[PDB]
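Novice: Below you'll find the sequence and an experimental structure to go with it.
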Amino acid sequence: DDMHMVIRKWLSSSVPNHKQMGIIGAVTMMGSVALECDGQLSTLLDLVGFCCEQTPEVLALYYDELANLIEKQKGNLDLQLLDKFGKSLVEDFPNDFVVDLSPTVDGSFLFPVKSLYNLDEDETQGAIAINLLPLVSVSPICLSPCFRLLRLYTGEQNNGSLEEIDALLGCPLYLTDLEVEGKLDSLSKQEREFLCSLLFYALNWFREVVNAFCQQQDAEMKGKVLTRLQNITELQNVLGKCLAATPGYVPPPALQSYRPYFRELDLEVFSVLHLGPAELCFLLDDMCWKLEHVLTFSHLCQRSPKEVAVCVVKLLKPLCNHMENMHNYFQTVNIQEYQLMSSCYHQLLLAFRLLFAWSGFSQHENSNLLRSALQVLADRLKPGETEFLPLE
């Protein structure tokens, strides 16, 4: 009763500071049923809805709270209890964001709506699309939290996430013509600020979907993932020239100045390396930025440094194959390609030093991990047959 009272008091508190802590405590309390349980939960969620039904940012934090809850203890979460609280999203999401994809879309938008980036579905589900342009003018901020929770719930209900949300991967996106990026001066700080926000939201949506679908491996899925990665790098290249003409801008809470505003990239994404130069440079930059902090940001901190180390060591073979390809190219050997390859090489070596300089290898418990990594490198040198050779 005391906990419920303090949670309700914080929910009704006028100062926004710590009001988010109310929803944090609410999801923490709901975690207690993660083995008449529904009554107190219903009262708490009624209070939360009353105190945040008109707050979009609070709704975003609420969805993120469920996402973190499912991610943390998704192994043995109760299916029926989770469904009884989360059944609303199945109707909430497509009714809000899943718009019709008819070609007769019209309105008072600043730029025309074009169905860019048609997926592998050649008109199979043309009536389904993500109408971001009418939505910006259900709020824009909450899209990727809601998609994250939908993905996690579908993974809970069904082992393969394809059976529920398979059509979402190849959907088009409502956007204007990229050629307008050349005529930036025509914007006059009226259209430029409008389209900057839209470009950020498009990048965040693409990051969310590639984060969702990359871990699951199926026939032809990986090609769609790689094409989406190409779409991300093309959009980022457009955004660079766009933001070059913006003296200042404040993006939503969610060219490395805009690093923290992007959606966090899951550590499973680097399983994709098992590709052009731009995508490889982008992924390696993300990996190096993570290892520069962990081994010397909310999602990867959930797991210990030992888990990060074993996950990184699992990927050592494709890195070696890439390095050998770089060596062959440079021996055999286009200013842009030369710069890209030099950056990739410098990103490959920095990752190597950050792995091997990990202080935790001083302790004796991690002898097997270091022996395995050195075994991989030695097997890369010779034909094989390490046979558990001596350390020297």
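Specialist: Okay, I see it. Residues are numbered from 1 along each chain as shown.
Novice: Nearest spatial neighbour of residue 323, chain-adjacent residues omitted?
Specialist: Spatial nearest neighbour of residue 323, chain neighbours left out: residue 348 (5.5 Å); criterion: CB to CB, 6 or more residues apart in numbering. Where you see a C-beta, it was placed from the backbone N, CA and C, and this is true even at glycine.
Novice: for the helix or strand hosting that neighbour, which positions count as buried?
Specialist: If you go by DSSP states H and E, residue 348 is part of helix 335-356. Neighbour-count burial for helix 335-356, counted by 16 or more other CB atoms under 10 Å, picks out 340, 341, 343, 344, 345, 347, 348, 350, 351, 354, 355.
Novice: any idea whether residue 265 is helix, strand or coil?
Specialist: Secondary structure state of residue 265, per DSSP: H, G, I helix; E, B strand; the rest coil, is coil.
Novice: still on that earlier bit, from the chain's centre, how far out does the helix holding residue 348 sit?
Specialist: Chain-centre distance of helix 335-356: 23 Å, with CA atoms, centre = their mean, to the nearest Å.
Novice: For the residue nearest to residue 323, give me its contacts.
Specialist: Counting by CB atoms under 8 Å, 6 or more residues apart in numbering, residue 348 touches 284, 319, 322, 323, 326.
Novice: so what's residue 319 up against?
Specialist: Counting by CB under 8 Å, 6+ apart, residue 319 makes contact with 273, 348, 351, 352.
Novice: From residue 27, how far out is it?
Specialist: 38 Å (CB to CB, to the nearest Å).
Novice: circling back to that earlier point, in TSV: the contacts of residue 319, plus distance to residue 64.
Specialist: TSV is the format used below for these (distance: CB to CB, whole Å):
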residue	distance to residue 64
273	28
348	34
351	29
352	34
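Novice: if we can go back for a sec, out of the contacts of residue 348, which are inside strands?
Specialist: Among the contacts of residue 348, no member falls in strands (DSSP state E).
Novice: Can you add distance to residue 312 and give those residues back as a markdown table?
Specialist: Conversion of the contacts of residue 348 to a markdown table gives the following (distance: CB to CB, whole Å):
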| residue | distance to residue 312 |
| --- | --- |
| 284 | 12 |
| 319 | 9 |
| 322 | 15 |
| 323 | 15 |
| 326 | 19 |
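Novice: among those residues, who's most crowded?
Specialist: For these, the largest number of neighbours (other CB atoms under 10 Å) sits with residue 284, at 22 neighbours.
Novice: Quick check: it touching residue 345?
Specialist: No. Applying CB atoms under 8 Å as the test, residue 284 and residue 345 come out as separate, 9.9 Å apart.
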